[PDB]
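Let me begin by presenting the structure, written as structure tokens, before commenting on it.
Residue numbers (my numbering): 94 to 277.
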């Protein structure tokens with residue numbers, strides 16, 4: 094049927110979708126002490142007045158796990174990436190000839206604590222959004238005519254199906270990361 098439910102789904106979807114998308118965005122690009130090509134991925138380099146990643150400019154690969162190597166085939170993207178990488182990686186990258194070798198201080202006992210605690214706040218923030226989604230969406234049903242059984246029932250499952258998505262989506266992100274974060 095076509096009732097207030099549609100508004101609940103649309104509101105619940107846009108709210109959860111944006112929350113998980115941005116949430117994963119923080120974990121996918123966080124400042125991981127590990128020499129991973131992922132954290133970055135958006136090494137926006139200036140090319141004659143054009144901002145583009147190093148997808149068709151050079152190539153980045155991990156040689157010893159605790160190292161990141163960026164190779165800018167062109168001399169034009171060498172200067173930009175240097176400033177770009179240092180911005181996101183927040184480290185001192187070395188450039189020789191036409192290759193860039195980046196090594197970050199061994200993520201020791203304390204180092205692991207930095208990322209883990211940083212993700213730790215992220216995970217808690219995600220749940221806060223999800224709760225509000227079900228709590229907010231529910232308010233819409235209870236607001237309609239003050240009581241909606243047909244709506245509340247269909248709206249709850251709809252809200253639950255979406256909520257569970259974030260539940261499995263969030264825990265899945267941390268579970269994987271733990272294997273990497275605690276890998277050391």
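Even for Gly, the Cβ is constructed at its ideal location relative to N, Cα and C.
Under 8 Å between C-beta atoms of residue i and residue j
i: residue 61; j: residue 200; result: Because the chain spans 94 through 277 in this model, residue 61 falls outside it and cannot be assessed.
i: residue 255; j: residue 106; result: yes
i: residue 291; j: residue 237; result: The chain is shown only over 94 to 277; residue 291 falls outside these bounds and no answer can be derived.
i: residue 109; j: residue 245; result: no
Three-state secondary structure assigned by DSSP to residue i
i: residue 210; result: helix
i: residue 253; result: helix
i: residue 114; result: helix
i: residue 137; result: coil
i: residue 153; result: strand
i: residue 148; result: coil
Classification of residue i by the beta-carbon crowding that lies within 10 angstroms, buried from 16 upward
i: residue 226; result: buried
i: residue 270; result: buried
i: residue 221; result: exposed
i: residue 276; result: exposed
i: residue 101; result: buried
i: residue 219; result: buried
For this session: Determine, using beta-carbon pairs with one atom in the stretch 168-181 and one in the stretch 133-151, whether at least three such pairs fall under 8 Å.
Result: yes
Exercise. Does the stretch 143-153 touch the stretch 162-173, meaning 3 or more C-beta pairs lie closer than 8 Å?
Worked result: yes
Exercise. Would you call the stretch 113-129 and the stretch 256-264 touching, i.e. three or more CB-CB distances under 8 Å?
Worked result: yes
For this session: Please specify which runs of the beta strand (DSSP E), each continuous and at least 3 residues long, are wholly inside the stretch 160-223, giving them in chain order.
Result: When DSSP assignments are scanned along the stretch 160-223, the uninterrupted stretches of beta strand (DSSP E) that are 3 or more residues long and fall wholly within it turn out to be 160-164, 187-189, 192-196.
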